[PDB]
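If you read the protein sequences in the order shown, they are chains S and W. When the letters of the first sequence are read in order and numbered with full-length UniProt numbering, they come out as residues 444 to 541. When the letters of the second sequence are read in order and numbered with full-length UniProt numbering, they come out as residues 19 to 134, 140 to 615.
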Amino acid sequence: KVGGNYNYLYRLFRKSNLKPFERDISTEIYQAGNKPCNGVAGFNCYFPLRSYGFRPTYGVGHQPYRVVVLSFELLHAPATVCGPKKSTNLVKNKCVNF
Amino acid sequence: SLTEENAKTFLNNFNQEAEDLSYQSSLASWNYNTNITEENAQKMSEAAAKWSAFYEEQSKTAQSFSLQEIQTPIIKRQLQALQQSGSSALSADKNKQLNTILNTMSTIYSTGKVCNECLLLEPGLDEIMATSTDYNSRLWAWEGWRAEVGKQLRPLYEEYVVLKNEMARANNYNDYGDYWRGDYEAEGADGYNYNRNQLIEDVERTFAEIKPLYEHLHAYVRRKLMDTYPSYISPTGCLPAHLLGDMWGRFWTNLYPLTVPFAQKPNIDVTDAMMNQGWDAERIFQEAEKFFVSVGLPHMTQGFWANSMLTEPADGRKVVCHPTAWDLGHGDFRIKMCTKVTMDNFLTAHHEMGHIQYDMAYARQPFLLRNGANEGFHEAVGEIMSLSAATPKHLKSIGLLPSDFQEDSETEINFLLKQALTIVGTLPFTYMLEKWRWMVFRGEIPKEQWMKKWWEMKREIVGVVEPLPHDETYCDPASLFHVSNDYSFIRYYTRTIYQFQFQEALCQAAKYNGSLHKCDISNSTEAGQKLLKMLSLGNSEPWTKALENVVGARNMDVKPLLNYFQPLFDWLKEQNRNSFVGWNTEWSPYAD
Ligand SMILES: *[C@@H]1O[C@H](CO)[C@@H](O)[C@H](O)[C@H]1NC(C)=O
Ligand SMILES: *[C@@H]1O[C@H](CO)[C@@H](O)[C@H](O)[C@H]1NC(C)=O
Ligand SMILES: [Zn+2]
């Protein structure tokens, strides 16, 4: 948006790194220093979720990019997602491979 | 639990917020510059005020992290680049007084007029001082200007100096001169450490080597002006201040029609050759992009061709109509210029594209380090591009000059003389003005001997004598734009040194056999990757280390400057045989 698409957020500060396929939606103040934060922002108490300043005037490295990740799971359970099967025509009065 | 990681997190948050706030401020400034209106001006003012408030708040908050505990060098440098307060050190009353004095001086300098015709500074005075050749027609204007503006700015400048010294002392410095020289202060290893006091000793050493060339040039200019000014020039004296082609004497380029080595072979101009081929602004920008890509630099962004205003708008928009390279951030690099099909604009396009490519280099560094090494690097990186693109070989390679043309000696001598009248003639003036301002700010020159010592330095350093006596009632230093409005002036000398240093360093790496002024960095990728090594660092490393990456030296070097004009130096030394190179500091046009 010309004015700015500030609807997309991103987490910048956190205690420790995440685990594979883990989600965190907490909005608690990042306790940086020893000072116990009391829900207010300021010195050593920063908000973890920041916003994107998406604007069309950006270059090629800061524009919004949509990323999809397709992960396949092949547990011992029977598979129910197979690829598209091919097909052919029929044959009459001739021994072929069916 | 250590303060290092806390400072790192604080700097990360500060950079994350700055990359948005400064971007919005630059966008508002660009919107104001495109269409100058009242609403856009108000929006730009509000954005600048918000950015300044955020920056001063973050600076006040960052002063609680002393650099002694920070072990990481880059984090310490980022904290040092922000802990500097500046004008906020003074109290509210002193800051208001300084701001009012600055605004009053700026208003007096901008609204100055000299009448006994009745004109102003830019409309009539500049054209007269540039083109007119009459003694009185220039003398009266010069005297009126330096008697009105000087006497109107003297009482304000006297308090301005004291307020700036108080601000410097409040900012843990000593004087305003040290605060201005603090930009060249480097920190690092034992070999990559530079001090503010060392610049005072190095500038004089670098100026001591350019003295014979400047003396020969001054003698040649005097001998050539003896014809047009028969009864106003001494054979062993200085030159008047109103006969230098400018109100102050900063650029001697206006003396080229009067001081020409060979008039029967004028300079090379590709204006008509560019008009015949049907070129335009976009063609000039495409040729500049091709030149910058041939040397081995990254390619220009797409938004540079869509969002940037390369040509003058025909929609009735009022632009300031002067070249500027804007770096809004996040991959936004634009050029605002009154570009035409002329040759000077053709070179200014490459000069600004150099600054743009510089901005496109240090973008990977943190926001607190997204700037050049010093004030002498950013403007010198772009100048070497214009110096290498204005050669007769590049014009023939691109197609502006036909192949049947051959390089002549007289044309090269005339070109070198015209370039020295603008590049070599300004260095003594800059050095003298900076030395005067340093000795005034440091309190070495009493307030009762400003004009006396100023004119004594004009006689000893620049070799300029006043045509009429001016006592301490005037203030001629304050008559300059850079002196009236708060701005640094030592950056020009360092820029002039570093541009020749970079030119020589990039020409010796490409194995070029010829004159230094006829170099051509085109079709040489090795000249780009060696330059980007300094362009990609910016302010993340001390300026000595960045300078060593290109030329190898960790300080200023004037030998490339003397090697650039070596044929011109020999020609001047051979032509000035029947004369005395120098000037005596006793002759006076006002005295009989
Ligand atoms: C610039 O401002 C003028 C003055 O109102 C207006 O006529 C013109 O349409 C504006 N141009 C743009 C591109 O906004
Ligand atoms: C660079 O090389 C190309 C191809 O050989 C040539 O057309 C062009 O004129 C060269 N440019 C210079 C400046 O030598
Ligand atoms: Zn400029």
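Beta carbons: idealized from backbone N, C-alpha and C, even for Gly.
Any C-beta of chain S under 8 angstroms from that of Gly399 of chain W: no
Burial state of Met579 of chain W, where buried means 16 or more other Cβ atoms lie within 10 Å: Burial call: buried.
Below-8 angstroms beta-carbon distance, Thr500 of chain S vs any chain W residue: yes
Within chain C, the residues that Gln34 of chain W reaches when beta carbons sit closer than 9 angstroms: In summary, chain C is missing from the structure at hand, where the protein chains are S and W.
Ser494 of chain S - containing beta strand (DSSP E), residue span: 492-494
Unbroken alpha helix (DSSP H) run spanning residue 139 of chain W, endpoints: Position 134 is followed directly by 140 in chain W, which means residue 139 of chain W is not present among the coordinates.
Per-residue DSSP class, three states only, for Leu143 of chain W: strand
Residues proximal to ligand 1 by C-beta, any heavy atom closer than 6 angstroms: W:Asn53, W:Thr55, W:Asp338, W:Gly339, W:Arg340
CB contact below 8 angstroms: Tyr489 of chain S versus chain W: yes
Contact set for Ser105 of chain W: own chain, Cβ-Cβ below 8 angstroms, skip 5 residues either direction: Answer for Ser105 of chain W: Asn113, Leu116, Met190, listed in chain order.
Contact test: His417 of chain W Cβ vs ligand 2 heavy atom, cutoff 7 angstroms: yes
Closest residue to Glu310 of chain W among W:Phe504, W:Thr371, W:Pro500, W:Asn572 (Cα-Cα distance): W:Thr371
Unbroken stretches of the alpha helix (DSSP H), 4 residues or longer, contained in the region 365-435 of chain W: 366-382, 398-412, 415-421
Bridge-paired residues (DSSP) for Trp473 of chain W: For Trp473 of chain W, DSSP records no beta bridge to any residue.
Cα-Cα separation between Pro146 of chain W and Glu87 of chain W, rounded to whole angstroms: Cα to Cα, the separation comes out at about 57 angstroms.
4-residue-minimum alpha helix (DSSP H) runs that sit fully inside the region 546-605 of chain W, ordered along the chain: Runs of the alpha helix (DSSP H) inside the region 546-605 of chain W: 549-558, 566-571, 582-587, 589-598.
Distance between beta carbons of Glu489 of chain W and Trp478 of chain W, contact taken as under 8 angstroms: 6 angstroms
Contact set between the region 324-341 of chain W and chain S, restricted to residues whose Cβ is under 8 angstroms from the partner: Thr324, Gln325, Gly326, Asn330
Residues of the region 503-530 of chain S with Cβ closer than 9 angstroms to any Cβ of chain W, in chain order: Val503, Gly504, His505, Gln506
Buried/exposed call for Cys261 of chain W, threshold 16 Cβ in 10 Å: buried
Nearest to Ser602 of chain W (by Cα), restricted to the options W:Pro258, W:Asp382, W:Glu549, W:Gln429: W:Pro258
Pairwise C-alpha distance: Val184 of chain W and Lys470 of chain W: Their backbone Cα atoms lie some 11 angstroms apart in a straight line.
Supposed close pair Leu585 of chain W, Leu236 of chain W - CB separation, criterion 8 angstroms: Taking 8 angstroms as the upper bound for CB-CB distance, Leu585 of chain W and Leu236 of chain W are in contact here, some 6 angstroms apart.
Exposure of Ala569 of chain W, with buried meaning 16 or more beta-carbon neighbours within 10 Å: buried
Stretch-stretch touch, CB-based, cutoff 8 angstroms, three pairs: the region 264-273 of chain W with the region 151-167 of chain W: yes
Segment contact flag, the region 45-61 of chain W with the region 487-494 of chain S, C-beta cutoff 8 angstroms, min 3 pairs: Flag = no, the region 45-61 of chain W and the region 487-494 of chain S do not touch.
Residue-chain proximity (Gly354 of chain W, chain S), Cβ-Cβ < 8 angstroms: yes
Alpha carbon of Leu240 of chain W to alpha carbon of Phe592 of chain W, nearest angstrom: 8 angstroms
Neighbourhood of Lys187 of chain W by C-beta distance below 6 angstroms, restricted to the same chain and skipping five residues each side: Cβ neighbours of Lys187 of chain W beyond the five flanking positions: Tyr199.
Residue from W:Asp543, W:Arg518, W:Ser502, W:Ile379 with nearest C-alpha to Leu176 of chain W: W:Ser502
Alpha-carbon spacing of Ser82 of chain W relative to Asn607 of chain W, whole angstroms: Spanning the alpha carbons of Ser82 of chain W and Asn607 of chain W requires a straight line of approximately 57 angstroms.
Bridge partner(s) assigned by DSSP for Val487 of chain W: W:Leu262
Chain W contacts from the region 460-489 of chain S (Cβ-Cβ distance under 7 angstroms): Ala475, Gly476, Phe486, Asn487, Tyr489
Endpoints, the alpha helix (DSSP H) within which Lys78 of chain W is located: 56-80
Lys556 of chain W vs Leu529 of chain W beta-carbon contact at 8 angstroms: no
Any chain W beta carbon closer than 8 angstroms to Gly446 of chain S: no
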